[PDB]
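What follows is the content of input_19.cif, which has mmCIF, C-alpha atoms and all ligand atoms:
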```cif
data_upload
loop_
_atom_site.label_atom_id
_atom_site.label_comp_id
_atom_site.auth_asym_id
_atom_site.auth_seq_id
_atom_site.Cartn_x
_atom_site.Cartn_y
_atom_site.Cartn_z
CA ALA A 48 6.72 -8.88 -3.60
CA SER A 49 8.48 -6.73 -6.22
CA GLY A 50 11.08 -8.32 -8.35
CA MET A 51 14.62 -7.73 -7.09
CA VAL A 52 17.96 -8.31 -8.72
CA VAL A 53 21.58 -7.62 -7.81
CA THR A 54 24.09 -6.95 -10.58
CA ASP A 55 27.82 -6.52 -10.70
CA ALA A 56 29.04 -3.01 -11.44
CA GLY A 57 30.54 -1.91 -14.77
CA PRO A 58 31.26 -2.27 -17.56
CA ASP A 59 28.93 -5.28 -18.08
CA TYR A 60 26.49 -5.27 -15.07
CA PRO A 61 25.53 -9.00 -15.22
CA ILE A 62 22.78 -10.20 -12.89
CA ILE A 63 24.19 -12.17 -9.98
CA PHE A 64 20.93 -12.61 -7.99
CA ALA A 65 17.24 -12.62 -8.93
CA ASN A 66 14.40 -13.29 -6.50
CA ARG A 67 11.45 -15.59 -7.23
CA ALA A 68 9.14 -12.59 -7.78
CA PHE A 69 11.37 -11.44 -10.66
CA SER A 70 10.99 -14.88 -12.30
CA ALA A 71 7.18 -14.68 -11.84
CA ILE A 72 6.94 -11.14 -13.36
CA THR A 73 9.26 -11.91 -16.32
CA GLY A 74 8.58 -15.59 -17.09
CA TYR A 75 12.31 -16.48 -17.00
CA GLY A 76 13.82 -18.97 -14.58
CA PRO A 77 17.10 -18.28 -12.75
CA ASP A 78 19.27 -20.21 -15.23
CA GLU A 79 17.89 -17.91 -18.04
CA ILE A 80 18.72 -14.75 -15.94
CA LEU A 81 22.01 -15.14 -14.05
CA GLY A 82 25.01 -13.85 -15.96
CA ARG A 83 22.97 -11.66 -18.34
CA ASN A 84 22.61 -7.87 -18.36
CA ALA A 85 18.91 -7.03 -17.62
CA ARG A 86 18.50 -5.29 -21.03
CA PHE A 87 17.32 -8.67 -22.40
CA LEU A 88 13.86 -7.71 -21.02
CA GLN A 89 13.59 -4.85 -23.54
CA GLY A 90 11.99 -5.18 -26.97
CA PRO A 91 10.77 -3.35 -30.01
CA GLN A 92 8.47 -0.75 -28.38
CA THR A 93 10.71 0.01 -25.38
CA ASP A 94 11.37 3.79 -25.23
CA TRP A 95 15.07 4.11 -26.20
CA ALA A 96 15.30 7.61 -24.67
CA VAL A 97 14.34 6.13 -21.27
CA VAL A 98 16.89 3.37 -21.82
CA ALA A 99 19.56 6.06 -22.47
CA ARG A 100 18.51 7.90 -19.24
CA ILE A 101 18.96 4.60 -17.34
CA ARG A 102 22.38 4.04 -18.92
CA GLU A 103 23.51 7.52 -17.96
CA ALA A 104 22.21 7.19 -14.35
CA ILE A 105 24.06 3.92 -13.82
CA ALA A 106 27.28 5.31 -15.40
CA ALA A 107 27.10 8.32 -12.99
CA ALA A 108 26.15 6.12 -9.99
CA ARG A 109 22.90 8.10 -9.49
CA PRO A 110 19.79 6.24 -8.32
CA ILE A 111 16.99 6.18 -10.90
CA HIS A 112 13.25 5.53 -10.58
CA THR A 113 11.41 5.25 -13.91
CA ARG A 114 8.85 3.21 -15.87
CA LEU A 115 9.88 1.19 -18.97
CA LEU A 116 8.16 -1.26 -21.29
CA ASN A 117 9.57 -4.77 -20.88
CA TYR A 118 8.63 -8.18 -22.33
CA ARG A 119 7.92 -11.49 -20.62
CA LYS A 120 9.66 -14.62 -22.03
CA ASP A 121 6.45 -15.44 -23.96
CA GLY A 122 6.59 -11.98 -25.69
CA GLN A 123 3.81 -10.25 -23.64
CA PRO A 124 4.67 -6.56 -23.00
CA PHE A 125 4.33 -5.17 -19.47
CA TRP A 126 5.10 -1.90 -17.70
CA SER A 127 8.01 -2.23 -15.26
CA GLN A 128 8.44 0.41 -12.57
CA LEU A 129 12.24 0.19 -12.10
CA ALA A 130 14.29 1.44 -9.16
CA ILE A 131 18.07 1.03 -9.72
CA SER A 132 20.61 2.09 -7.06
CA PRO A 133 24.38 1.64 -6.54
CA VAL A 134 25.99 -0.28 -3.70
CA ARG A 135 29.17 1.45 -2.48
CA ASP A 136 32.10 0.08 -0.49
CA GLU A 137 34.26 1.64 2.29
CA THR A 138 35.96 4.11 -0.12
CA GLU A 139 32.59 4.98 -1.86
CA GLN A 140 33.45 2.86 -4.94
CA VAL A 141 30.48 1.23 -6.66
CA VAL A 142 30.74 -2.57 -6.36
CA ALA A 143 27.17 -3.71 -7.28
CA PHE A 144 23.68 -2.38 -8.13
CA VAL A 145 20.30 -3.32 -6.68
CA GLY A 146 17.25 -3.21 -8.93
CA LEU A 147 13.58 -3.43 -7.96
CA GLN A 148 10.90 -4.27 -10.58
CA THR A 149 7.24 -3.54 -9.86
CA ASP A 150 4.75 -4.65 -12.62
CA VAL A 151 2.49 -1.58 -12.85
CA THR A 152 0.46 -2.77 -15.88
CA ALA A 153 -3.21 -1.70 -15.48
CA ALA B 48 36.18 -8.11 -3.43
CA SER B 49 34.33 -7.26 -0.12
CA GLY B 50 31.78 -9.72 0.99
CA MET B 51 28.24 -8.82 0.10
CA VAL B 52 24.95 -10.25 1.27
CA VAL B 53 21.29 -9.39 0.73
CA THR B 54 18.78 -10.23 3.44
CA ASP B 55 15.04 -10.06 3.71
CA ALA B 56 13.66 -7.36 5.98
CA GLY B 57 12.10 -8.02 9.41
CA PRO B 58 11.42 -9.69 11.65
CA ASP B 59 13.94 -12.45 10.80
CA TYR B 60 16.35 -10.91 8.17
CA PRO B 61 17.50 -14.24 6.59
CA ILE B 62 20.27 -14.07 4.01
CA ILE B 63 18.89 -14.52 0.46
CA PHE B 64 22.17 -13.89 -1.45
CA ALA B 65 25.87 -14.11 -0.55
CA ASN B 66 28.69 -13.41 -3.02
CA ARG B 67 31.79 -15.61 -3.47
CA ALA B 68 33.95 -13.13 -1.50
CA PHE B 69 31.67 -13.56 1.57
CA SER B 70 32.29 -17.35 1.44
CA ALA B 71 36.06 -16.78 1.08
CA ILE B 72 36.22 -14.35 4.05
CA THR B 73 33.96 -16.40 6.37
CA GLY B 74 34.87 -19.96 5.26
CA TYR B 75 31.18 -20.93 4.87
CA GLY B 76 29.77 -22.27 1.60
CA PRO B 77 26.52 -20.86 0.13
CA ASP B 78 24.52 -23.93 1.28
CA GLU B 79 25.48 -23.15 4.91
CA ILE B 80 24.66 -19.36 4.58
CA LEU B 81 21.33 -19.03 2.75
CA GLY B 82 18.25 -18.83 4.99
CA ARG B 83 20.28 -17.89 8.11
CA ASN B 84 20.43 -14.56 9.92
CA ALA B 85 24.04 -13.22 9.68
CA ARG B 86 24.39 -13.25 13.50
CA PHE B 87 25.81 -16.81 13.20
CA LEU B 88 29.16 -15.16 12.45
CA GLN B 89 29.33 -13.77 16.02
CA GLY B 90 31.05 -15.58 18.90
CA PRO B 91 32.28 -15.34 22.44
CA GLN B 92 34.43 -12.15 22.25
CA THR B 93 32.05 -10.20 19.94
CA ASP B 94 31.17 -6.80 21.53
CA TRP B 95 27.46 -7.20 22.52
CA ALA B 96 27.10 -3.36 22.76
CA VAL B 97 28.03 -3.00 19.08
CA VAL B 98 25.63 -5.87 18.24
CA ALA B 99 22.87 -3.86 20.04
CA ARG B 100 23.70 -0.70 18.04
CA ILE B 101 23.38 -2.80 14.82
CA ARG B 102 20.00 -4.23 15.99
CA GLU B 103 18.72 -0.72 16.76
CA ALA B 104 19.91 0.74 13.43
CA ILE B 105 18.27 -2.05 11.41
CA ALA B 106 15.01 -1.69 13.41
CA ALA B 107 14.99 2.08 12.60
CA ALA B 108 16.01 1.53 8.95
CA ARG B 109 19.18 3.62 9.57
CA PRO B 110 22.40 2.65 7.67
CA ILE B 111 25.22 1.59 10.00
CA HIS B 112 28.96 1.32 9.33
CA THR B 113 30.86 -0.35 12.19
CA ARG B 114 33.60 -2.86 13.04
CA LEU B 115 32.67 -6.14 14.79
CA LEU B 116 34.56 -9.29 15.74
CA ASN B 117 33.31 -12.28 13.72
CA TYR B 118 34.44 -15.93 13.42
CA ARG B 119 35.31 -18.00 10.38
CA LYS B 120 33.83 -21.48 10.09
CA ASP B 121 37.12 -22.96 11.45
CA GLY B 122 36.81 -20.76 14.59
CA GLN B 123 39.40 -18.11 13.65
CA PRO B 124 38.30 -14.61 14.79
CA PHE B 125 38.56 -11.72 12.34
CA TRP B 126 37.59 -8.05 12.32
CA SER B 127 34.69 -7.35 9.94
CA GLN B 128 34.07 -3.77 8.78
CA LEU B 129 30.26 -4.05 8.29
CA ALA B 130 28.10 -1.69 6.23
CA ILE B 131 24.35 -2.47 6.54
CA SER B 132 21.84 -0.44 4.51
CA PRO B 133 18.04 -0.74 3.85
CA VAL B 134 16.52 -1.27 0.40
CA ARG B 135 13.24 0.71 -0.02
CA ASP B 136 10.34 0.05 -2.44
CA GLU B 137 8.06 2.39 -4.39
CA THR B 138 6.23 3.61 -1.22
CA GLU B 139 9.54 3.86 0.76
CA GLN B 140 8.88 0.62 2.74
CA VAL B 141 11.97 -1.40 3.64
CA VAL B 142 11.87 -4.72 1.72
CA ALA B 143 15.50 -5.93 2.02
CA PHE B 144 18.91 -5.00 3.42
CA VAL B 145 22.36 -5.02 1.79
CA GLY B 146 25.42 -5.83 3.87
CA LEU B 147 29.07 -5.43 2.93
CA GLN B 148 31.83 -7.19 4.87
CA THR B 149 35.42 -6.00 4.55
CA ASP B 150 38.02 -8.09 6.50
CA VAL B 151 40.10 -5.37 8.23
CA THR B 152 42.23 -7.71 10.37
CA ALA B 153 45.84 -6.40 10.55
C1 LIG C 1 20.45 -3.47 -10.97
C2 LIG C 1 19.90 -3.28 -12.36
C3 LIG C 1 18.64 -3.75 -12.66
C4 LIG C 1 18.11 -3.50 -13.97
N1 LIG C 1 16.83 -3.95 -14.26
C5 LIG C 1 16.33 -3.73 -15.50
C6 LIG C 1 15.04 -4.23 -15.84
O1 LIG C 1 14.30 -4.86 -15.04
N2 LIG C 1 14.57 -3.96 -17.08
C7 LIG C 1 15.32 -3.25 -18.02
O2 LIG C 1 14.81 -3.08 -19.16
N3 LIG C 1 16.55 -2.80 -17.75
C8 LIG C 1 17.02 -3.01 -16.52
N4 LIG C 1 18.28 -2.53 -16.23
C9 LIG C 1 18.94 -1.64 -17.21
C10 LIG C 1 19.83 -2.28 -18.23
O3 LIG C 1 20.64 -3.27 -17.55
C11 LIG C 1 20.75 -1.27 -18.89
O4 LIG C 1 21.40 -0.48 -17.88
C12 LIG C 1 20.02 -0.33 -19.86
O5 LIG C 1 19.45 -1.09 -20.90
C13 LIG C 1 20.93 0.77 -20.38
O6 LIG C 1 22.17 0.29 -20.87
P1 LIG C 1 22.36 -0.09 -22.39
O7 LIG C 1 22.09 1.07 -23.29
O8 LIG C 1 23.82 -0.52 -22.45
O9 LIG C 1 21.41 -1.27 -22.67
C14 LIG C 1 18.86 -2.79 -14.97
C15 LIG C 1 20.15 -2.41 -14.64
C16 LIG C 1 20.71 -2.64 -13.37
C17 LIG C 1 22.11 -2.19 -13.06
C1 LIG C 2 22.22 -7.15 5.45
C2 LIG C 2 22.77 -7.57 6.78
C3 LIG C 2 24.04 -8.06 6.90
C4 LIG C 2 24.62 -8.43 8.15
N1 LIG C 2 25.89 -8.87 8.19
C5 LIG C 2 26.40 -9.24 9.40
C6 LIG C 2 27.73 -9.75 9.47
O1 LIG C 2 28.49 -9.91 8.46
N2 LIG C 2 28.19 -10.06 10.72
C7 LIG C 2 27.46 -9.92 11.87
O2 LIG C 2 27.97 -10.26 12.97
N3 LIG C 2 26.18 -9.44 11.83
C8 LIG C 2 25.72 -9.10 10.63
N4 LIG C 2 24.42 -8.60 10.58
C9 LIG C 2 23.71 -8.29 11.82
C10 LIG C 2 22.88 -9.40 12.42
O3 LIG C 2 22.11 -10.02 11.36
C11 LIG C 2 21.93 -8.83 13.48
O4 LIG C 2 21.21 -7.72 12.93
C12 LIG C 2 22.63 -8.40 14.76
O5 LIG C 2 23.26 -9.55 15.37
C13 LIG C 2 21.67 -7.71 15.74
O6 LIG C 2 20.44 -8.43 15.96
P1 LIG C 2 20.31 -9.51 17.11
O7 LIG C 2 20.56 -8.84 18.43
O8 LIG C 2 18.89 -9.98 16.92
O9 LIG C 2 21.30 -10.61 16.83
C14 LIG C 2 23.84 -8.28 9.35
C15 LIG C 2 22.53 -7.86 9.22
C16 LIG C 2 22.00 -7.53 7.98
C17 LIG C 2 20.54 -7.02 7.92
#
```
Represent the structure from my file as structure tokens, please.
Ligand SMILES: Cc1cc2nc3c(=O)[nH]c(=O)nc-3n(C[C@H](O)[C@H](O)[C@H](O)COP(=O)(O)O)c2cc1C
Ligand SMILES: Cc1cc2nc3c(=O)[nH]c(=O)nc-3n(C[C@H](O)[C@H](O)[C@H](O)COP(=O)(O)O)c2cc1C
Amino acid sequence: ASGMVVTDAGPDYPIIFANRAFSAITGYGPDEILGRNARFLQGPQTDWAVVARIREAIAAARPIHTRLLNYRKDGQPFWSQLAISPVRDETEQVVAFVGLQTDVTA
Amino acid sequence: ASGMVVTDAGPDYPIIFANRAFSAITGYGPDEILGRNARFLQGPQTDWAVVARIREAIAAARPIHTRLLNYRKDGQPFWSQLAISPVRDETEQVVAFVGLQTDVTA
């Protein structure tokens, strides 16, 4: 299965749920994930222009599909195919985000 | 906050995440929610025609926004404004659902 997380909405977007597949892909257990913004997976060779695109998509509540370099707990880089989408309530306000992580490393 | 759950997709759709607001609205703790299909909230005066529309929408991966009578743990009925949406993966397969529960009792 792909990794999946749920976050709160802004301004902090902490992770409130992470599936077991996300822990397998990233090397972090739930206690090392919950309450953190997902940017902790980024590292020195992550493309900061893609990170900025992600930031802007989330701020505008626009779904985004893109590929980003992330790092396992042990420091190994991997390619994450990310899909990040808002969850809206009865008045169309954004109350959470869902993220899917697919390890697309060849 | 509205209640929010995440479920797996078919054929069983068990709940894999429930927020604190869902436990406050329904009166059930997380230990008594996780692993269950959300239909446990229904009871004797729930409209079985609306339940069927929800079943059909989920089976077709169509979002549905509707109002349904549900029951708190203590037996008190309440009106739940339900919003149930699929989560799609990189090849557009449905891999989860998100549900929002807004208590709209007068
Ligand atoms: C639901 C969700 C899931 C996310 N998953 C990841 C992820 O797996 N890897 C990642 O590098 N960033 C992920 N992000 C993006 C970061 O949380 C953050 O939005 C990004 O780094 C841009 O914001 P910043 O410039 O403040 O860091 C996710 C964000 C959300 C809302
Ligand atoms: C994400 C999600 C959330 C749901 N939330 C509720 C809910 O709060 N209350 C409810 O009565 N049914 C809820 N349902 C609907 C039931 O799980 C089920 O789909 C419905 O009873 C129709 O199927 P059935 O005829 O097999 O019971 C939810 C379903 C999903 C997928």
* Collect all residues with atoms no farther than 9 Å from ligand LIG 2 (chain C), counting only C-alpha atoms and all ligand atoms, and output them as a PyMOL selection string. => chain B and resi 50-57+59-62+69+73+83-90+93+95+97-106+115-118+127-133+143-149
The selected residues should be written to file as a PDB file, keeping the file's coordinate frame (atoms: C-alpha atoms).
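Listing of selection.pdb after writing:
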```pdb
ATOM      1  CA  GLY B  50      31.780  -9.720   0.990  1.00  0.00           C
ATOM      2  CA  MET B  51      28.240  -8.820   0.100  1.00  0.00           C
ATOM      3  CA  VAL B  52      24.950 -10.250   1.270  1.00  0.00           C
ATOM      4  CA  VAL B  53      21.290  -9.390   0.730  1.00  0.00           C
ATOM      5  CA  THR B  54      18.780 -10.230   3.440  1.00  0.00           C
ATOM      6  CA  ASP B  55      15.040 -10.060   3.710  1.00  0.00           C
ATOM      7  CA  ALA B  56      13.660  -7.360   5.980  1.00  0.00           C
ATOM      8  CA  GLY B  57      12.100  -8.020   9.410  1.00  0.00           C
ATOM      9  CA  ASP B  59      13.940 -12.450  10.800  1.00  0.00           C
ATOM     10  CA  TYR B  60      16.350 -10.910   8.170  1.00  0.00           C
ATOM     11  CA  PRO B  61      17.500 -14.240   6.590  1.00  0.00           C
ATOM     12  CA  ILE B  62      20.270 -14.070   4.010  1.00  0.00           C
ATOM     13  CA  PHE B  69      31.670 -13.560   1.570  1.00  0.00           C
ATOM     14  CA  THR B  73      33.960 -16.400   6.370  1.00  0.00           C
ATOM     15  CA  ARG B  83      20.280 -17.890   8.110  1.00  0.00           C
ATOM     16  CA  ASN B  84      20.430 -14.560   9.920  1.00  0.00           C
ATOM     17  CA  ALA B  85      24.040 -13.220   9.680  1.00  0.00           C
ATOM     18  CA  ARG B  86      24.390 -13.250  13.500  1.00  0.00           C
ATOM     19  CA  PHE B  87      25.810 -16.810  13.200  1.00  0.00           C
ATOM     20  CA  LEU B  88      29.160 -15.160  12.450  1.00  0.00           C
ATOM     21  CA  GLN B  89      29.330 -13.770  16.020  1.00  0.00           C
ATOM     22  CA  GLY B  90      31.050 -15.580  18.900  1.00  0.00           C
ATOM     23  CA  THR B  93      32.050 -10.200  19.940  1.00  0.00           C
ATOM     24  CA  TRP B  95      27.460  -7.200  22.520  1.00  0.00           C
ATOM     25  CA  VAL B  97      28.030  -3.000  19.080  1.00  0.00           C
ATOM     26  CA  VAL B  98      25.630  -5.870  18.240  1.00  0.00           C
ATOM     27  CA  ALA B  99      22.870  -3.860  20.040  1.00  0.00           C
ATOM     28  CA  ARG B 100      23.700  -0.700  18.040  1.00  0.00           C
ATOM     29  CA  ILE B 101      23.380  -2.800  14.820  1.00  0.00           C
ATOM     30  CA  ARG B 102      20.000  -4.230  15.990  1.00  0.00           C
ATOM     31  CA  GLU B 103      18.720  -0.720  16.760  1.00  0.00           C
ATOM     32  CA  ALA B 104      19.910   0.740  13.430  1.00  0.00           C
ATOM     33  CA  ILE B 105      18.270  -2.050  11.410  1.00  0.00           C
ATOM     34  CA  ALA B 106      15.010  -1.690  13.410  1.00  0.00           C
ATOM     35  CA  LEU B 115      32.670  -6.140  14.790  1.00  0.00           C
ATOM     36  CA  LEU B 116      34.560  -9.290  15.740  1.00  0.00           C
ATOM     37  CA  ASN B 117      33.310 -12.280  13.720  1.00  0.00           C
ATOM     38  CA  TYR B 118      34.440 -15.930  13.420  1.00  0.00           C
ATOM     39  CA  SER B 127      34.690  -7.350   9.940  1.00  0.00           C
ATOM     40  CA  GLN B 128      34.070  -3.770   8.780  1.00  0.00           C
ATOM     41  CA  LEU B 129      30.260  -4.050   8.290  1.00  0.00           C
ATOM     42  CA  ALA B 130      28.100  -1.690   6.230  1.00  0.00           C
ATOM     43  CA  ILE B 131      24.350  -2.470   6.540  1.00  0.00           C
ATOM     44  CA  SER B 132      21.840  -0.440   4.510  1.00  0.00           C
ATOM     45  CA  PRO B 133      18.040  -0.740   3.850  1.00  0.00           C
ATOM     46  CA  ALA B 143      15.500  -5.930   2.020  1.00  0.00           C
ATOM     47  CA  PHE B 144      18.910  -5.000   3.420  1.00  0.00           C
ATOM     48  CA  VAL B 145      22.360  -5.020   1.790  1.00  0.00           C
ATOM     49  CA  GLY B 146      25.420  -5.830   3.870  1.00  0.00           C
ATOM     50  CA  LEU B 147      29.070  -5.430   2.930  1.00  0.00           C
ATOM     51  CA  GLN B 148      31.830  -7.190   4.870  1.00  0.00           C
ATOM     52  CA  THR B 149      35.420  -6.000   4.550  1.00  0.00           C
TER      53      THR B 149
END
```
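Using all atoms listed in the file, the shortest contact distance between residue 48 of chain B and any of B:68, B:142, B:80, B:151 is found at B:68.
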Let me have the centre and edge lengths of the axis-aligned box enclosing all listed atoms of ligand LIG 1 (chain C) with 3 Å padding on every side, in Å to one decimal, as JSON.
```
{"center_x": 19.1, "center_y": -1.9, "center_z": -17.1, "size_x": 15.5, "size_y": 11.9, "size_z": 18.3}
```
* With all atoms listed in the file as the basis for distance, which of A:110, A:124, A:58, A:76 is at the shortest distance from chain B? -> A:110
* Structure fact -> The residue from A:135, A:120, A:67, A:114 with the smallest atom-to-atom distance to ligand LIG 1 (chain C), counting all atoms listed in the file, is A:114
* **One-decimal distance in Å that lies between atom CA of residue 152 of chain B and atom CA of residue 113 of chain B** => 13.7 Å
* Asked: So which one's closest to chain B, A:49, A:138, A:123, A:92? Using all atoms listed in the file, please.
  ->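 The closest residue to chain B is A:49.
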* Counting all atoms listed in the file, figure out which residue out of A:121, A:94, A:78, A:137 gets nearest to ligand LIG 1 (chain C). => A:94
* To do: Report the distance between atom CA of residue 153 of chain B and atom CA of residue 74 of chain B in Å, rounded to one decimal place.
  =>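 Between atom CA of residue 153 of chain B and atom CA of residue 74 of chain B the gap works out to 18.2 Å.
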* One decimal, Å: what's the distance from atom CA of residue 79 of chain B over to atom CA of residue 111 of chain B, could you say? =>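 Distance reported for this atom pair: 25.3 Å.
Across A:126, A:150, A:134, A:139, the tightest approach to chain B is made by A:134 when counting all atoms listed in the file.
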Would you fill the gaps in segment 57-79 of chain A so it has N, CA, C and O atoms, then print it as a JSON list (two decimals), in the coordinates of the input?
```
[["chain", "number", "residue", "atom", "x", "y", "z"],
["A", 57, "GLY", "N", 30.17, -2.00, -13.36],
["A", 57, "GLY", "CA", 30.54, -1.91, -14.77],
["A", 57, "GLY", "C", 31.76, -2.75, -15.12],
["A", 57, "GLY", "O", 32.51, -3.20, -14.28],
["A", 58, "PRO", "N", 31.99, -2.92, -16.44],
["A", 58, "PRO", "CA", 31.26, -2.27, -17.56],
["A", 58, "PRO", "C", 30.05, -3.09, -18.03],
["A", 58, "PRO", "O", 29.31, -2.60, -18.88],
["A", 59, "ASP", "N", 29.88, -4.30, -17.52],
["A", 59, "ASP", "CA", 28.93, -5.28, -18.08],
["A", 59, "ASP", "C", 27.64, -5.43, -17.28],
["A", 59, "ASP", "O", 26.61, -5.80, -17.85],
["A", 60, "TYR", "N", 27.66, -5.19, -15.98],
["A", 60, "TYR", "CA", 26.49, -5.27, -15.07],
["A", 60, "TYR", "C", 25.70, -6.57, -15.20],
["A", 60, "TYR", "O", 24.45, -6.54, -15.25],
["A", 61, "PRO", "N", 26.33, -7.76, -15.20],
["A", 61, "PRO", "CA", 25.53, -9.00, -15.22],
["A", 61, "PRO", "C", 24.76, -9.20, -13.93],
["A", 61, "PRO", "O", 25.22, -8.86, -12.84],
["A", 62, "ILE", "N", 23.60, -9.83, -14.06],
["A", 62, "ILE", "CA", 22.78, -10.20, -12.89],
["A", 62, "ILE", "C", 23.48, -11.34, -12.15],
["A", 62, "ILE", "O", 23.81, -12.34, -12.75],
["A", 63, "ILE", "N", 23.61, -11.15, -10.84],
["A", 63, "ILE", "CA", 24.19, -12.17, -9.98],
["A", 63, "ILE", "C", 23.18, -12.75, -8.98],
["A", 63, "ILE", "O", 23.46, -13.76, -8.34],
["A", 64, "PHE", "N", 22.02, -12.12, -8.83],
["A", 64, "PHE", "CA", 20.93, -12.61, -7.99],
["A", 64, "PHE", "C", 19.63, -12.15, -8.62],
["A", 64, "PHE", "O", 19.53, -10.95, -8.98],
["A", 65, "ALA", "N", 18.61, -12.98, -8.58],
["A", 65, "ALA", "CA", 17.24, -12.62, -8.93],
["A", 65, "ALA", "C", 16.29, -13.35, -8.02],
["A", 65, "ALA", "O", 16.40, -14.56, -7.89],
["A", 66, "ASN", "N", 15.37, -12.65, -7.41],
["A", 66, "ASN", "CA", 14.40, -13.29, -6.50],
["A", 66, "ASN", "C", 13.31, -14.03, -7.29],
["A", 66, "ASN", "O", 13.18, -13.94, -8.53],
["A", 67, "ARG", "N", 12.53, -14.83, -6.58],
["A", 67, "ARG", "CA", 11.45, -15.59, -7.23],
["A", 67, "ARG", "C", 10.40, -14.66, -7.85],
["A", 67, "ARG", "O", 9.88, -14.98, -8.93],
["A", 68, "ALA", "N", 10.14, -13.52, -7.23],
["A", 68, "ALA", "CA", 9.14, -12.59, -7.78],
["A", 68, "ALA", "C", 9.59, -12.10, -9.16],
["A", 68, "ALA", "O", 8.74, -11.92, -10.04],
["A", 69, "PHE", "N", 10.88, -11.87, -9.35],
["A", 69, "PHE", "CA", 11.37, -11.44, -10.66],
["A", 69, "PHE", "C", 11.09, -12.51, -11.71],
["A", 69, "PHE", "O", 10.69, -12.19, -12.86],
["A", 70, "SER", "N", 11.31, -13.77, -11.38],
["A", 70, "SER", "CA", 10.99, -14.88, -12.30],
["A", 70, "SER", "C", 9.49, -14.92, -12.58],
["A", 70, "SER", "O", 9.11, -15.23, -13.74],
["A", 71, "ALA", "N", 8.63, -14.65, -11.61],
["A", 71, "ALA", "CA", 7.18, -14.68, -11.84],
["A", 71, "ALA", "C", 6.79, -13.53, -12.77],
["A", 71, "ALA", "O", 5.97, -13.69, -13.66],
["A", 72, "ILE", "N", 7.31, -12.34, -12.55],
["A", 72, "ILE", "CA", 6.94, -11.14, -13.36],
["A", 72, "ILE", "C", 7.41, -11.37, -14.79],
["A", 72, "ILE", "O", 6.68, -11.06, -15.72],
["A", 73, "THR", "N", 8.62, -11.89, -15.00],
["A", 73, "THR", "CA", 9.26, -11.91, -16.32],
["A", 73, "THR", "C", 9.04, -13.21, -17.12],
["A", 73, "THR", "O", 9.24, -13.18, -18.32],
["A", 74, "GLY", "N", 8.70, -14.29, -16.43],
["A", 74, "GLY", "CA", 8.58, -15.59, -17.09],
["A", 74, "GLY", "C", 9.88, -16.32, -17.32],
["A", 74, "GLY", "O", 9.83, -17.39, -17.91],
["A", 75, "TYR", "N", 11.01, -15.79, -16.86],
["A", 75, "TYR", "CA", 12.31, -16.48, -17.00],
["A", 75, "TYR", "C", 12.70, -17.11, -15.68],
["A", 75, "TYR", "O", 12.56, -16.48, -14.63],
["A", 76, "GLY", "N", 13.23, -18.33, -15.75],
["A", 76, "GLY", "CA", 13.82, -18.97, -14.58],
["A", 76, "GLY", "C", 15.23, -18.49, -14.34],
["A", 76, "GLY", "O", 15.88, -17.91, -15.22],
["A", 77, "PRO", "N", 15.78, -18.79, -13.13],
["A", 77, "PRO", "CA", 17.10, -18.28, -12.75],
["A", 77, "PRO", "C", 18.21, -18.61, -13.75],
["A", 77, "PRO", "O", 19.11, -17.79, -13.98],
["A", 78, "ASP", "N", 18.19, -19.81, -14.32],
["A", 78, "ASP", "CA", 19.27, -20.21, -15.23],
["A", 78, "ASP", "C", 19.29, -19.40, -16.52],
["A", 78, "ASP", "O", 20.34, -19.29, -17.11],
["A", 79, "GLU", "N", 18.15, -18.79, -16.87],
["A", 79, "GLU", "CA", 17.89, -17.91, -18.04],
["A", 79, "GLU", "C", 18.19, -16.43, -17.68],
["A", 79, "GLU", "O", 17.93, -15.56, -18.52]]
```
